[PDB]
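Residue numbers run from 1 in the order of the sequence given.
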Amino acid sequence: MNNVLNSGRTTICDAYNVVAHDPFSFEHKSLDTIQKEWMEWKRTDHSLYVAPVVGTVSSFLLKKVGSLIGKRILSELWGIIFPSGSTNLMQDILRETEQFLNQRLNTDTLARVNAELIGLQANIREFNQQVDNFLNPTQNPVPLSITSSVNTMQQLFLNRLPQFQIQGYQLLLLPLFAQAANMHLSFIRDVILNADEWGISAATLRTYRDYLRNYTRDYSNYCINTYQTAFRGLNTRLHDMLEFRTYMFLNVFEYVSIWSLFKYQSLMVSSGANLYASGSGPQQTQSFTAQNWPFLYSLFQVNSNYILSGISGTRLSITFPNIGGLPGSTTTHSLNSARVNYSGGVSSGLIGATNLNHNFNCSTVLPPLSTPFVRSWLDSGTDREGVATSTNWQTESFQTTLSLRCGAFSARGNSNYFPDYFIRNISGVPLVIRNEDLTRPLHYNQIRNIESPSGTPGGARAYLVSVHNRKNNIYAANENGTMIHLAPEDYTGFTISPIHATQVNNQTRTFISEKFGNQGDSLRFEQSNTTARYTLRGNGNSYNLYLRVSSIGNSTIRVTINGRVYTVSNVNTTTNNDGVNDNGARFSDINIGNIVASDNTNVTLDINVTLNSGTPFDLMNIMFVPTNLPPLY
């Protein structure tokens with residue numbers, strides 16, 4: 001079979017109602033539809049005070065880069081972020097950010113920011129109108145002033161952006177700055193891709209190519225540094241730590257991740273960074289700091305390259321009679337143990353108690369790729385009634401594209417879901433994670449049981465985490481249970497997350513490393529001669545294979561595909577990089593060579609890395625680009 005990759009728990013609903021799933025639903029969706037979905041999401045779902053427009057803009061940028069037709073971004077972008085010239089969406093982003101962070105700008109900055117929003121909107125509209133008017137006279141003369149309009153707009157961007165980086169409020173203004181950075185970088189890209197059409201000189205063109213790279217670097221690093229500084233000061237419960245990340249990833253890093261890809265055209269970003277959700281409620285009490293994060297995300301991405309089928313676990317419903325003279329009773333619905341299941345018979349490590357038999361299995365009854373999970377309920381809580389009757393409850397429930405729902409207990413509380421995002425993985429944590437675990441991050445697909453310290457388990461508790469990602473172009477499950485990537489139907493480029501491998505050796509020495517502007521995390525090889533295999537469903541087109549990597553030292557890359565072996569020696573991004581410092585990595589796009597994505601064929605891509613210097617190697621992105629579309633720089 002194909003996308004109808006099978007798995008299931010029991011609940012019926014027949015194929016004649018959800019038998020077909022579109023692996024390119026996002027790409028096949030119009031922007032208006034996407035905008036409506038985000039608006040509806042805002043109205044009815046658990047937004048994190050996130051302004052829905054951020055979702056529309058990111059989706060919009062993804063589509064511009066994903067299609068050669070997206071030569072001009074600024075005009076339409078302006079129409080989305082400044083609807084009919086209104087600054088209300090930007091004003092709301094700031095205000096919802098203030099509410100989310102519980103931080104407020106002083107009166108002076110507020111006033112200046114507002115004036116800058118008005119000016120930005122005006123200046124940008126003026127530029128686009130001048131361009132249009134020039135190409136099709138219908139107003140003011142505006143001679144060969146396009147180059148003149150470009151020079152003015154550019155300087156105006158440089159004068160305004162800094163106002164969204166005010167010391168004392170850098171994190172609070174980060175979402176706004178990201179939107180403004182979107183406008184400036186989009187502007188620069190427009191000049192480049194419309195150079196001939198706008199009468200741009202060769203000298204100006206060359207300068208703007210450097211602008212795209214240099215400003216992407218400055219803006220990217222600024223965003224990453226601002227967020228990292230704030231993240232290091234965190235000390236909060238899991239739910240809040242994850243939401244802080246989600247809020248910033250949706251408002252800021254989705255953009256940072258697309259900026260360094262503006263240099264490409266007709267490149268379908270098949271997936272981006274994950275969004276992790278955990279439950280709210282009084283039960284999940286452990287507090288975490290940034291030092292604990294590496295462990296947490298290394299755990300949440302276990303078996304990320306496999307196809308999620310469902311979970312098994314131990315749910316208990318105990319209602320002991322109330323004694324001591326009091327009336328009523330006390331009930332507790334809990335999930336004491338859990339384990340996530342995947343295609344190929346693979347499972348994650350146990351979560352919670354390791355000495356209990358599971359009494360239930362929750363999965364996508366139908367094929368896991370046909371009706372994947374998209375929404376989860378993870379909140380806990382306590383209900384009280386009568387005089388002394390109480391009920392402690394957990395949810396740990398999931399629902400598929402088909403309204404099929406399953407889990408430990410009835411759904412209630414906040415549900416976790418994001419438009420065009422699928423729950424591609426599930427994880428969880430026990431009531432208390434031992435410091436011994438927090439101090440030792442898991443390696444790639446490491447299977448380790450995460451249970452409460454002795455004197456706390458026996459029955460313990462399991463609190464699940466849903467992993468949301470846009471990833472959808474999955475042809476089917478490979479024979480080993482992993483993802484087979486589906487190439488675009490037409491001659492469009494596409495990416496493959498290094499995390500979605502068919503298989504990787506030296507797994508104990510290979511780790512997933514967090515990234516902020518890499519459309520997902522990277523794969524760090526710490527052992528020389530490690531090979532990562534990827535499998536994709538070709539479309540018969542030829543592409544130039546580019547590997548986005550970071551190597552603070554020398555390394556050798558050996559790529560085997562189509563019976564061809566490409567060797568790139570002396571790979572070192574210490575100083576020869578695009579300038580972006582992403583959590584220590586300094587990426588560079590290595591042109592491996594021309595490859596053929598054999599039609600209706602499962603093509604294997606083997607990436608072997610030699611760690612000459614002994615220093616780790618970061619495999620950050622795999623991108624196939626149309627051979628006749630070289631990068632802008």
Under 3.5 Å, is there a donor-acceptor pair between the side chain of [X] and the main chain of [Y]?
X      : Y      : value
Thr246 : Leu242 : yes
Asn469 : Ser271 : no
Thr33  : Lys29  : no
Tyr543 : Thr492 : yes
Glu37  : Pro419 : no
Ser220 : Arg217 : no
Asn539 : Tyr491 : no
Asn2   : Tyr475 : no
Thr560 : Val565 : no
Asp578 : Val580 : no

Are [X] and [Y] close enough that some pair of their side-chain heavy atoms sits under 4.5 Å apart?
X      : Y      : answer
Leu61  : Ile73  : yes
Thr207 : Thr204 : no
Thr531 : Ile607 : no
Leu250 : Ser58  : no
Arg245 : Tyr297 : no
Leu48  : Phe418 : yes
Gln527 : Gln507 : no
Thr556 : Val571 : no

Checking side chain to side chain donor-acceptor pair (under 3.5 Å) for the pair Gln301/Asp521: CA distance, chi angles, key distance, verdict?
-> CA-CA 10 Å; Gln301 292 181 83; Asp521 299 337; 2.7 Å; yes
Are the aromatic rings of [X] and [Y] close, with centres under 6.0 Å apart?
X      : Y      : result
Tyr546 : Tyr264 : yes
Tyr276 : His468 : no
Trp259 : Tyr255 : no

List the steps, then state whether ring-ring contact (aromatic ring centres under 6.0 Å, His included) holds for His500 with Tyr306.
-> CA-CA 8 Å; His500 299 160; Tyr306 284 84; over 10 Å; no
Pair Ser7-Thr364, side chain to side chain donor-acceptor pair (under 3.5 Å): steps then yes or no = CA-CA 6 Å; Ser7 116; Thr364 70; 3.1 Å; yes
Within 45° cone of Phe26 ring axis and under 6.0 Å: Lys63 NZ or CZ = yes
Taking the six-membered ring of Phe262 (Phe, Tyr or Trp), confirm whether the NZ or CZ of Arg189 is under 6.0 Å from its centre and within 45° of its axis.
-> yes
Any donor-acceptor pair under 3.5 Å linking the side-chain atoms of [Y] with those of [X]?
X      : Y      : result
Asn341 : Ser347 : yes
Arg537 : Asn473 : no
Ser260 : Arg548 : yes
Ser309 : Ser343 : no

[atom1]-[atom2] distance between [X] and [Y], expressed to the nearest 0.5 angstrom:
X      : Y      : atom1 : atom2 : result
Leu267 : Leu68  : CG    : CG    : 12.0 Å
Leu619 : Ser513 : CG    : OG    : 12.0 Å
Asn214 : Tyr633 : CG    : OH    : 8.5 Å
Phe231 : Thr289 : CZ    : OG1   : 9.0 Å
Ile474 : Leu486 : CD1   : CG    : 10.0 Å
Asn274 : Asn425 : CG    : CG    : 8.0 Å

Minimal non-hydrogen separation, [X] against [Y], with atom names:
X      : Y      : result
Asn506 : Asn529 : OD1-O, 3.5 Å
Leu193 : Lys71  : CB-O, 3.7 Å
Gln179 : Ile81  : OE1-CD1, 3.7 Å
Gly579 : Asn221 : O-ND2, 3.1 Å
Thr371 : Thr401 : CA-OG1, 3.2 Å
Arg558 : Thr610 : NH1-OG1, 3.3 Å

Applying ring-ring contact (aromatic ring centres under 6.0 Å, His included), run through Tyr227 and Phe244 and close with a yes or a no.
-> CA-CA 10 Å; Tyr227 175 79; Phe244 177 76; 5.5 Å; yes
[X] atom [atom1], neighbour heavy-atom count above 12 within 6.0 Å:
X      : atom1 : answer
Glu479 : CD    : no
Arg564 : CZ    : yes
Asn576 : CG    : no

Under a 4.0 Å N-O cut-off, is there an ion pair linking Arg470 with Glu254?
-> yes
Looking at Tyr211, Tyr215, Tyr219, which one forms a side-chain hydrogen bond (donor to acceptor under 3.5 Å, both in side chains) with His184?
-> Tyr219
Evaluate the salt bridge (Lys or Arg N to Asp or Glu O under 4.0 Å) criterion for residues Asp606 and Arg533: first the C-alpha distance (whole Å), next the side-chain angles of each, then the deciding distance (0.1 Å), finally the verdict.
-> CA-CA 4 Å; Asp606 294 320; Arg533 163 167 293 183; 2.6 Å; yes
Apply side chain to side chain donor-acceptor pair (under 3.5 Å) to the pair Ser522 and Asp618, showing each step before the final yes or no.
-> CA-CA 6 Å; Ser522 64; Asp618 275 280; 2.8 Å; yes
Kindly indicate, with the supporting measurements, whether the criterion side chain to side chain donor-acceptor pair (under 3.5 Å) is fulfilled by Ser551 and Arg586.
-> CA-CA 7 Å; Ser551 183; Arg586 289 171 224 159; over 6 Å; no
Stepwise salt bridge (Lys or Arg N to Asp or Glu O under 4.0 Å) test for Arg524 and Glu526 | CA-CA 6 Å; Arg524 185 182 68 245; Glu526 289 182 11; 2.9 Å; yes
How are the rings of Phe516 and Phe249 set to each other: parallel, tilted or perpendicular (split at 30° and 60°)?
-> tilted
ring-ring contact (aromatic ring centres under 6.0 Å, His included) between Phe157 and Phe187: does it pass, once the steps are laid out?
-> CA-CA 9 Å; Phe157 266 131; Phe187 159 74; 5.3 Å; yes
